[PDB]
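So the protein sequences, as listed, match chains A and B.
Count along the first sequence from 1, add 640, and you get the number used in my numbering.
Count along the second sequence from 1, add 130, and you get the number used in my numbering.
Using N, Cα and C, we set each Cβ at its ideal position, and we do this for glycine too.
To start, the structure itself, in structure tokens.
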Amino acid sequence: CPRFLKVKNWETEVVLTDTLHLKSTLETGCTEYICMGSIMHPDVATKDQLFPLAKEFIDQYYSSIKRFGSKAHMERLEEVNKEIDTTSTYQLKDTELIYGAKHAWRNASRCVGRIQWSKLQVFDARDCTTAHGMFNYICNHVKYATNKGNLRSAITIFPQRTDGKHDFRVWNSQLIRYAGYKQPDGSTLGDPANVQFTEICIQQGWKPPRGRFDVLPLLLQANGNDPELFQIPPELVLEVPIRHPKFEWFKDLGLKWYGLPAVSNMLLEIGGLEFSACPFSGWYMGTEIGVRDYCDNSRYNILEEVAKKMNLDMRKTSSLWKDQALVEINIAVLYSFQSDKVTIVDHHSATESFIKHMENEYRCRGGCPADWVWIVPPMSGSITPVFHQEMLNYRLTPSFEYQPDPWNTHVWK
Amino acid sequence: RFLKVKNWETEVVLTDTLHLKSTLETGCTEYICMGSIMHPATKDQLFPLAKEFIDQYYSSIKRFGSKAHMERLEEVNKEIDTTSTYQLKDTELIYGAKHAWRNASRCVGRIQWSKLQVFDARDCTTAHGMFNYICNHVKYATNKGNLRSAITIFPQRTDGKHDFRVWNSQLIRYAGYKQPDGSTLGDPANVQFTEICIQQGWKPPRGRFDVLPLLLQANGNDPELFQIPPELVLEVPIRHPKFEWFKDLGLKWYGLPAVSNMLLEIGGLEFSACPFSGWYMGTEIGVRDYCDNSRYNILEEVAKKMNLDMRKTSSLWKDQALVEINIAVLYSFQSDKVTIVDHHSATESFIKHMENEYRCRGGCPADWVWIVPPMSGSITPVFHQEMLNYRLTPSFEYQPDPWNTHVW
Ligand code: HEM
Ligand code: HEM
Ligand SMILES: Cc1cc(N)nc(CCc2c(F)ccc(CCCN(C)C)c2F)c1
Ligand SMILES: Cc1cc(N)nc(CCc2c(F)ccc(CCCN(C)C)c2F)c1
Ligand SMILES: C[C@H](O)[C@H](O)[C@H]1CNc2nc(N)[nH]c(=O)c2N1
Ligand SMILES: C[C@H](O)[C@H](O)[C@H]1CNc2nc(N)[nH]c(=O)c2N1
Ligand SMILES: [Zn+2]
């Protein structure tokens, strides 16, 4: 690989130089002859696999605190090596855990919100042993991160994987999501993205209200045991009813959304250790709700009803009735969150912040891996500055990774 | 290995085998993806490239290994020997030009690829000849508004000192003028090219929509200026179907999009002058040409006339104005019966095209970064379509601007 790589911004002519790609660890999926940049997704570590992975992370940590090569650095290396020898695994210090989690966010090429990466509140839940205890930790996470609408980014980290038969898992894909119910006639009530998980909950004992916006229960697995159901206390679930500053009829659509986006199905990898339950939360970019959740055809799919109430001609695509309604929906989402004082960022502000963040990372870190396909927002892409910014994508560790859905792998007791 | 692509909206899965036929590089490696980077012979090298292309041509007409196939291979071999190059048959030129379009991973309009009028201009020797060929192209492709796809192919490169080049980036474009007070009148994308035309003698009208002259280089000589006859240049005044004040913005655009700075590569031969044209997708004018900060940059003016609150980004005033501008563009072209396609229809056609190509050909190289439209991405079907990008030949390639290589 070449030592310096240049990226250009085609609207400002700014050229940045990346050297950080030389620390790339895992594979992108691309080759010299094919690029998999738009592919959405392109039994443990042995003692011998673990040694070099831990040393790499420990070296990186001691370099970050300006103590590389120090007595404490060499001592930590030796203590980790011994621990891997006698137990075939090792435990992270609290300092290392916090550094690792922050950097997994810093390295997340698909995240436009990373200017905030260093202000992550890390909750250490490695002492947790039961699903009730997981429920307690998650309730505390939700209450802290919500903060009455002044949202704060946070992560809660449950015990790492050991032999793969004792995984901690949150079976929910996000901590707060709405149920979906398939009907005998083929229609769907609620959120069509969550139909599979809803059916699982119902099979596990959940009594479904069968409404349009039913907060799903938590389904929590500790130490490889069968998962258990818990209802989040509704006073902890902050929600925003959606209304429009101009269209009085918009509130009559009965739409609302939850304030806290909190991913709970990813895997956090630090120094070769695997934290399979590590729910993390931030705050929304408006388009995640107003474009994807609401206007995706396989989601709530409200473009038609909004367009009807806007009295647009919906017979010709070239009237751009979809585009016109999509903007108003996103105007309403941003207006409703700001009116209720719940943190939210519009796509113009977020992408301008990300450009400033990326320039700082190139200057102070030597690069910033970024996945253009994910960074550019799903509406008005080219009137945001990220559209014109060349990006390099590569995988640094620590990182957040996808993992198989737990119902596909769990050995029922 | 067989590679699968999934559409996440329809859950349709396609299987790609065609990528096994590529050997040009993408720029990516196993460790770094450059998918959002815009730009990442001899007798010795020529014959294998020639043979590959002849092979796929005779394989395409189902006479692979025929006597005609055998004879052409040896004919081409003797010619690369005795002349250091070779000349394509007419049938081969047409096939190679259609397939360069079919292979253009960044083009959402490829459902049309085999409806392409190919104009053979390989006997051209002077800039006057190029001008005549180009005027004929423009008149044919414009067709009084019923636009027809076309390409004109000038003589191939020989030693690199005798290149044919269209110095314009598109056949029809608007001049851009650096103002004394610091700003820009016209189109800022073209400020440099406009200055070169003035430096070469063109008398600029210093307006907002001044059609640039053609600047044409033949056989490596200095380029020459030519005015396209105005009756050949079809233009559309932009008005809005509800905002009657929109026409008072004074906006217009040309109907014929015609790229003239790329390089066409067929069987290892390089055609440095190959202007090709089709018809517009509305967002090309309404989103990029009008609203890029480094282009005409009219969002502020439009949002003014709509009386939108412009103090905070979160009112989405930019997004509102953007949609109205794009409604006006489509409405104006359609009212004047000038061919144009909206991004919803275009991307729908491209998904259908992908389906056709997977069935009959085993895949379709496609660049998601370029295929997805610059507005309303995820409400178009391409947003949810996984795509494999790879380089098949014949192809269109970028080349350096001639004013950085030419010696006068
Ligand atoms: C603080 C405000 C934040 C904002 C505005 C934000 C914004 C976003 C957005 C818009 C996406 C694309 C989401 C999608 O289309 O599904 C994304 C992806 C992602 N974010 Fe952030 N995020 C924030 C906080 C966080 C935090 C705290 C973490 C982890 C510590 C994080 C990690 C990620 C990851 C891993 C992805 C990619 C996951 C995937 O591949 O699906 N984000 N973010
Ligand atoms: C017939 C109607 C056509 C439509 C609607 C169409 C649409 C488009 C659009 C919207 C783009 C992106 C352009 C940009 O963002 O600057 C594009 C790219 C491209 N088109 Fe098509 N196109 C058409 C015809 C053609 C023809 C006839 C050719 C060649 C014979 C062609 C070759 C290309 C190439 C090579 C690119 C990629 C350019 C690059 O790499 O920068 N297109 N097309
Ligand atoms: C922490 C946070 C901030 C924010 N603004 N939005 C979210 C929800 C969107 C989102 C992510 F960001 C990251 C990951 C997922 C889930 C991965 C799903 N993959 C397979 C499409 C996600 F759905 C989370
Ligand atoms: C044939 C045709 C149909 C259509 N719809 N639009 C156009 C103009 C846009 C366009 C292209 F398509 C292809 C290439 C360029 C040149 C882009 C500049 N390079 C340096 C990125 C272009 F600017 C041409
Ligand atoms: C940096 C990035 O590659 C660049 O802005 C690309 C992105 N996608 C694009 N897509 C199209 N259709 N046209 C473009 O000019 C671009 N520009
Ligand atoms: C096929 C394609 O990769 C898929 O639709 C991706 C595109 N980009 C995205 N970008 C974001 N932010 N979120 C997404 O879910 C997707 N989906
Ligand atoms: Zn790639």
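Pick from the options: whose alpha carbon is nearest that of residue i?
i, options, result
"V468 (chain B)", "B:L379, B:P367, B:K377 and B:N423", "B:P367"
"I455 (chain B)", "B:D472, B:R441 and B:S444", "B:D472"
"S704 (chain A)", "A:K1053, A:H743 and A:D866", "A:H743"
"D658 (chain A)", "A:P1038, A:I1023 and A:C1004", "A:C1004"
"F853 (chain A)", "A:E945, A:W1047 and A:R939", "A:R939"
"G669 (chain A)", "A:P1038, A:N1033 and A:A972", "A:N1033"
"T726 (chain A)", "A:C1008, A:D688 and A:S710", "A:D688"
"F373 (chain B)", "B:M411, B:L342, B:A433 and B:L364", "B:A433"
"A819 (chain A)", "A:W846, A:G826 and A:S793", "A:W846"
"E516 (chain B)", "A:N649, A:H681 and A:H661", "A:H681"
"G1007 (chain A)", "A:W923, A:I929, A:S664 and A:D933", "A:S664"
"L148 (chain B)", "B:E141, B:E205 and B:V135", "B:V135"
"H997 (chain A)", "A:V654, A:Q756 and A:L662", "A:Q756"
"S445 (chain B)", "A:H988, A:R643, A:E723 and A:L952", "A:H988"
Could you tell me the boundaries of the alpha helix (DSSP H) in which residue i lies?
i, result
"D734 (chain A)", "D734 to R746"
"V432 (chain B)", "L429 to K435"
"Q843 (chain A)", "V835 to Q843"
"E723 (chain A)", "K711 to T727"
"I481 (chain B)", "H473 to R491"
"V268 (chain B)", "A257 to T272"
"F183 (chain B)", "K173 to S190"
"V499 (chain B)", "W498 to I501"
Checking 8 Å against the spacing of the C-beta atoms, do residue i and residue j come in under that value?
i, j, result
"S299 (chain B)", "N391 (chain B)", "yes"
"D1011 (chain A)", "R750 (chain A)", "yes"
"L907 (chain A)", "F920 (chain A)", "no"
"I184 (chain B)", "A227 (chain B)", "no"
"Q247 (chain B)", "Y270 (chain B)", "yes"
"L656 (chain A)", "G911 (chain A)", "no"
"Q450 (chain B)", "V967 (chain A)", "yes"
"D293 (chain B)", "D250 (chain B)", "no"
"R295 (chain B)", "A403 (chain B)", "yes"
"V752 (chain A)", "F977 (chain A)", "no"
"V1016 (chain A)", "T1024 (chain A)", "yes"
"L974 (chain A)", "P1009 (chain A)", "no"
"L315 (chain B)", "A388 (chain B)", "no"
"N273 (chain B)", "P524 (chain B)", "no"
"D683 (chain A)", "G804 (chain A)", "yes"
"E430 (chain B)", "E527 (chain B)", "no"
"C265 (chain B)", "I358 (chain B)", "yes"
"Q861 (chain A)", "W811 (chain A)", "yes"
"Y216 (chain B)", "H199 (chain B)", "no"
"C641 (chain A)", "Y161 (chain B)", "yes"
What residue range is occupied by the uninterrupted beta strand (DSSP E) comprising residue i?
i, result
"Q861 (chain A)", "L858 to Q861"
"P881 (chain A)", "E879 to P881"
"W961 (chain A)", "Unbroken run through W961 (chain A) is the alpha helix (DSSP H), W961 to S979; no beta strand (DSSP E)."
"residue 595 (chain A)", "Here chain A comprises residues numbered 641 to 1053, so residue 595 (chain A) is not present and cannot be evaluated."
"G306 (chain B)", "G306 to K308"
"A280 (chain B)", "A280 to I283"
"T1049 (chain A)", "Note, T1049 (chain A): premise wrong, no beta strand (DSSP E); alpha helix (DSSP H) at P1046 to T1049."
"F249 (chain B)", "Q247 to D250"
"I396 (chain B)", "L393 to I396"
"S525 (chain B)", "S525 to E527"
"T1024 (chain A)", "No beta strand (DSSP E) contains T1024 (chain A), which DSSP labels as neither H nor E."
"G830 (chain A)", "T828 to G830"
"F401 (chain B)", "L399 to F401"
"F356 (chain B)", "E354 to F356"
"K442 (chain B)", "Premise fails: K442 (chain B) is in no beta strand (DSSP E) and is neither H nor E."
"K134 (chain B)", "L133 to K136"
For the 8 Å Cβ check, are there 3 or more pairs between the segment 866-876 of chain A and the segment 772-791 of chain A? yes
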